[PDB]
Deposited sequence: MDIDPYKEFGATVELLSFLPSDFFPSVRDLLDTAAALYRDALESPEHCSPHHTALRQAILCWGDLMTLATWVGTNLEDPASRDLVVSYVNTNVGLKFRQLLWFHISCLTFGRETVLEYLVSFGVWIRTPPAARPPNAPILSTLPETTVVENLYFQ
């Protein structure tokens, strides 16, 4: 099976990968923001939206990954091996979940169409030589609805 978690939301893994890793907040800061803005909906008995359903699973999945990675660290006897697991998590699944958590949080706040336009706008800006581009980054909020019955 070949499932792209962005495809039902009108995006792709390749489109999120257009952004450099430095664009994304940390996982902990994304999780804090999801709580600050959406805790009640995420904890509610209501689906709310496909974005809420996906964001719930992504939050819990990161917890699963951290529980496994922590248990692995607990059994490692070499301090350099423990560093290897951390660096493996941060370099691989960490970036994947920063992309994913950011995508759902930003879509819930600003809308898919605005988010996809911002992804392109920032990705083009950061690829322009710094001496040739505007000094500040484009701003997500400065950019210019199905009811999901079941």
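Annotation: deposited residues 145 to 149 form the one stretch not represented by C-alpha coordinates in the model.
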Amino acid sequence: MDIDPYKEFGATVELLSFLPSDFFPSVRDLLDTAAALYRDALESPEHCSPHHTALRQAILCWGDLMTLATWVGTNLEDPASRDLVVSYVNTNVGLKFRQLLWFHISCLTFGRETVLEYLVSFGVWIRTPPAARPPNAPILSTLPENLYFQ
From here on, numbers count along this sequence of modelled residues.
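What we label the rigid core is the largest C-alpha set whose atoms superpose within 1.5 Å from one form to the other.
Core-fitted comparison in 7 other deposited structures of this protein shows that, between 95 to 103 and 114 to 122, the CA atoms farther from the shown form belong to 114 to 122.
Note on 36 to 44 and 65 to 73: with rigid core alignment, C-alpha atoms in 7 other deposited structures of this protein sit farther from this form for 65 to 73. The mean Cα B-factor in the deposited entry runs higher for 66 to 74 than for the other of 66 to 74 and 44 to 52.
Averaged over Cα atoms, the B-factor as recorded in the entry is higher for 84 to 92 than for the other of 84 to 92 and 33 to 41.
Annotation for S141: C-alpha temperature factor in the highest third relative to the rest of the modelled chain, per the entry. Per the deposited record, the Cα B-factor of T128 falls in the lowest third when ranked against the other modelled residues of its chain.
Annotation for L15: C-alpha temperature factor in the highest third relative to the rest of the modelled chain, per the entry.
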